Amino acid sequence: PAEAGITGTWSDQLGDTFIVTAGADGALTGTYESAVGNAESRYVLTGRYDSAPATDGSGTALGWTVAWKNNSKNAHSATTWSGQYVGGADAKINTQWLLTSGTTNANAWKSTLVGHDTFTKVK
Amino acid sequence: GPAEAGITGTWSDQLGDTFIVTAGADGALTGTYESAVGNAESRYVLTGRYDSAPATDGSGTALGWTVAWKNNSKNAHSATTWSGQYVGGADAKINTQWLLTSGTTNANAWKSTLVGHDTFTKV
Amino acid sequence: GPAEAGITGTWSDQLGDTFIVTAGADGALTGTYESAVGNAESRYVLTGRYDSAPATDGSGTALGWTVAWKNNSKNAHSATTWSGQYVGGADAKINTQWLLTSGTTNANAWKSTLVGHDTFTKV
Amino acid sequence: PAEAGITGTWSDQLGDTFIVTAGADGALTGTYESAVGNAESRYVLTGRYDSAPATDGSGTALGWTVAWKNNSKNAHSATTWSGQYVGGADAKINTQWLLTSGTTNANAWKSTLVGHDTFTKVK
Ligand SMILES: N=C1N[C@H]2[C@H](CS[C@H]2CCCCC(=O)NCCCCCC(=O)O)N1
Ligand SMILES: N=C1N[C@H]2[C@H](CS[C@H]2CCCCC(=O)NCCCCCC(=O)O)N1
Ligand SMILES: N=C1N[C@H]2[C@H](CS[C@H]2CCCCC(=O)NCCCCCC(=O)O)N1
Ligand SMILES: N=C1N[C@H]2[C@H](CS[C@H]2CCCCC(=O)NCCCCCC(=O)O)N1
């Protein structure tokens, strides 16, 4: 059920569009379109989920990555989201993320932002 | 190009993990991860993304990947994402931070996500 | 000034914690924290710092604080830091992210640190 | 042992100067002088540590905060370090940190940097 549950189009508090397909044994593939930052149009994403989650009430662990390069822009950075899908009537994907920019070693202390996103399904 | 040649290969870290990765197809990472520690045995699939046209000013090459800790023999109901950068030169490294989320009930979500850092060196 | 008046008070969060803090002396935070979850009972000492001359452009007021989880009742061999910002207005909040580090052996340091987020609202 | 262990002058891989005093029941007080960022001269720090750590080889949990305002500069930000002191012939304080800048709510996604610092004692 997690495969059909995860598969679809999602948004979050920032108003992004996250389109993903969950494959039968753990793949995530899709596109991300960002409301903020140095971004336009869609970016490829790929990731993995637990395709046989626990049946005790726990969420389904998952993660995915976007590198912020597409055919028209390159922000020299990549974001990974790590979180869990919680199904039901008001399904959500609750995540934390790490956004690393390419930097010189001297500037590596300011390479990585951290935050959180909650996604809700729109389709 | 040099980002693909630099990232592709077999990498280890201080914990003695084995990270086998190919970078190609204009931004895809694919490969397997074997964890020396934790609730893990043998290889797990990884997928991720990298910047396939990084800056040439001395900055590293941003990248990220995910492992869901389920394979054919074991399932730890969790996923790790690494977000970081590849830095070439005489001691080439992939410098990362990571988020490890376990599937939890809502009551236990506050304790769902570990954070840390890994530096990989090429074998 | 308004940062002191805004931050000083009693606050709670989504878990039902009680955070009692005074902001004064040009940047000090002092008070007590009572945790609704985890290996914790009764009040713990907190100390921290805040920006006592924040910008006036609409941005929040940066702050952070620490609790070591030892008091006269219990010791959980761990400490949490919250780093975030106070945002005034109708619906004033302190928006934070946190790192909870437990004492571990070196070998187990990869499991030492949980990460998450808390939003505090004034009671 | 943790009090004498922690108290002193420390540096890290960036070349900072961290001067701290650990009090018998858990206080940390001192100053921080930064090699990087929008910073000059000393800043106040305060934090907390576990004053009765485990004796099984585990580290001593601690954390502290700096708000980046002193008599001559204000970077409208605060960093919290969360980590553990490990004693012996190679004593270190191993940390992760969160650096939050005051932002508008629209820019909160880019308010918080994450990283790690390892301190070693100079005196
Ligand atoms: N849903 C989310 N949107 C934002 C966060 C994490 S991913 C981010 C959007 C990123 C778009 C691409 C981008 O602007 N990358 C460059 C970031 C440079 C940040 C420099 C900094 O201010 O420290 N969460
Ligand atoms: N190279 C690394 N090895 C470890 C860190 C992040 S990935 C991790 C190995 C994870 C193996 C799978 C596994 O044990 N997952 C379940 C973790 C449950 C942790 C619960 C807790 O201690 O909060 N970095
Ligand atoms: N408001 C919050 N409450 C919880 C989070 C971070 S602080 C935490 C409460 C911590 C209470 C003290 C405590 O239980 N310390 C030991 C933590 C052991 C977690 C071990 C693990 O599951 O990896 N946010
Ligand atoms: N030892 C360390 N030094 C750096 C890291 C975390 S604390 C940091 C030094 C911070 C100095 C004050 C300062 O520049 N604050 C403003 C930071 C704005 C970052 C904006 C961005 O690039 O996203 N660790």
Side-chain angles (χ1 to χ4, degrees), chain A residues 12-16 18 32 34-39 43 61 66 68 73-81 95 97-103 107 109-117 119, chain B residues 13-17 19 33 35-41 44 62 67 69 74 76-82 96 98-104 111-118 120, chain C residues 62 102 108 110-114, chain D residues 12-16 18 32 34-39 43 66-68 73-81 95 97-101 103 107 109-117 119:
Chain A
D12 57 16
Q13 54 316 298
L14 283 175
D16 297 332
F18 167 45
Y32 206 94
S34 183
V36 301
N38 185 13
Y43 298 83
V66 171
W68 298 106
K73 274 194 178 287
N74 190 353
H76 302 307
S77 53
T79 302
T80 62
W81 289 260
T95 69
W97 56 253
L98 294 171
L99 162 48
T100 305
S101 290
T103 65
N107 290 320
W109 66 273
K110 54 175 167 178
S111 67
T112 308
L113 290 167
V114 59
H116 48 96
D117 287 319
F119 294 90
Chain B
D13 57 17
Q14 51 319 288
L15 290 168
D17 295 334
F19 167 40
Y33 200 100
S35 179
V37 310
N39 190 11
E41 94 177 339
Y44 293 80
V67 173
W69 294 111
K74 190 166 181 82
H77 303 309
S78 50
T80 303
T81 68
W82 287 259
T96 75
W98 55 254
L99 296 173
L100 164 48
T101 304
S102 289
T104 71
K111 61 177 166 179
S112 62
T113 309
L114 290 166
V115 64
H117 46 100
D118 279 315
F120 295 90
Chain C
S102 290
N108 290 326
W110 72 270
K111 53 180 186 188
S112 69
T113 311
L114 289 167
Chain D
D12 58 15
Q13 60 309 100
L14 292 174
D16 296 333
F18 169 39
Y32 205 96
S34 181
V36 304
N38 183 15
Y43 298 79
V66 170
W68 294 105
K73 278 191 178 288
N74 191 352
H76 304 310
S77 56
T79 303
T80 61
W81 290 259
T95 70
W97 54 254
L98 293 174
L99 164 43
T100 303
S101 290
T103 68
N107 290 321
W109 70 272
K110 58 175 168 176
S111 65
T112 306
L113 291 166
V114 62
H116 48 94
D117 284 319
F119 293 90

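Values below: all heavy atoms of this structure, side chains included; hydrogens, waters and symmetry mates excluded. Whatever order the structure lists ligands and atoms in, that order sets their numbers, starting from 1. Here is the naming used below: chain letters follow the sequence lines, and residue numbers restart at 1 for every chain.
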Going by the atom numbers of ligand 1, which of them fall below 4.0 Å from some non-hydrogen atom of [X]?
X: A:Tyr32; answer: 1 (N)
X: A:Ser34; answer: 9 (C)
X: A:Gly37; answer: 14 (O)

Look at [atom] and say which protein heavy atom is nearest, naming residue and atom and giving the distance to 0.1 Å.
atom: atom 5 (C) of ligand 1; answer: A:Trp97 CZ2, 3.3 Å
atom: atom 3 (N) of ligand 1; answer: A:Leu14 CD1, 3.7 Å
atom: atom 15 (N) of ligand 4; answer: D:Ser77 OG, 3.0 Å
atom: atom 18 (C) of ligand 1; answer: A:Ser101 OG, 3.7 Å
atom: atom 2 (C) of ligand 1; answer: A:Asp117 OD2, 3.3 Å
atom: atom 19 (C) of ligand 2; answer: B:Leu114 CD1, 3.7 Å
atom: atom 1 (N) of ligand 2; answer: B:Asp17 OD2, 2.7 Å

Query raised in the report: Do the side chains of A:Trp109 and D:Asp117 get nearer than 4.5 Å, heavy atoms only?
Result: no

Query - Options D:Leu98, D:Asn107, D:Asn38, ranked by nearest heavy atom to atom 13 (C) of ligand 4, top entry - result: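 Looking at heavy atoms only, D:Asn38 sits closest to atom 13 (C) of ligand 4.
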
Query raised in the report: Among D:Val36, D:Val66, D:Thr95, which one has a heavy atom closest to atom 11 (C) of ligand 4?
Result: D:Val36

Report task. Check ligand 4 against D:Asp12 and write out every atom of the ligand that is under 4.0 Å from a heavy-atom position of the residue. Result -> 1 (N)

**Report entry** A:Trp81-ligand 1 polar pair, N/O distance under 3.5 Å
**Finding:** no

Query - Any N or O of A:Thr79 closer than 3.5 Å to N or O of ligand 1 - result: no

Query raised in the report: Mind checking whether A:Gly115 has a heavy atom under 4.0 Å from ligand 1?
Result: no

Query raised in the report: Looking only at heavy atoms of A:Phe119, does any of them come nearer than 4.0 Å to an atom of ligand 1?
Result: no

Requested in this report: Could you tell me if the ring centre of D:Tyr32 sits under 6.0 Å from that of D:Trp81?
Outcome: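 Yes, the ring of D:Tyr32 comes within the 6.0 Å limit of the ring of D:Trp81, centre to centre.
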
Query - Check: D:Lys110 N/O within less than 3.5 Å of ligand 4 N/O - result: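 No: no nitrogen or oxygen of D:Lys110 is under 3.5 Å from one in ligand 4.
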
Query raised in the report: With a 4.0 Å cut-off on heavy atoms, does D:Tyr43 reach ligand 4?
Result: no

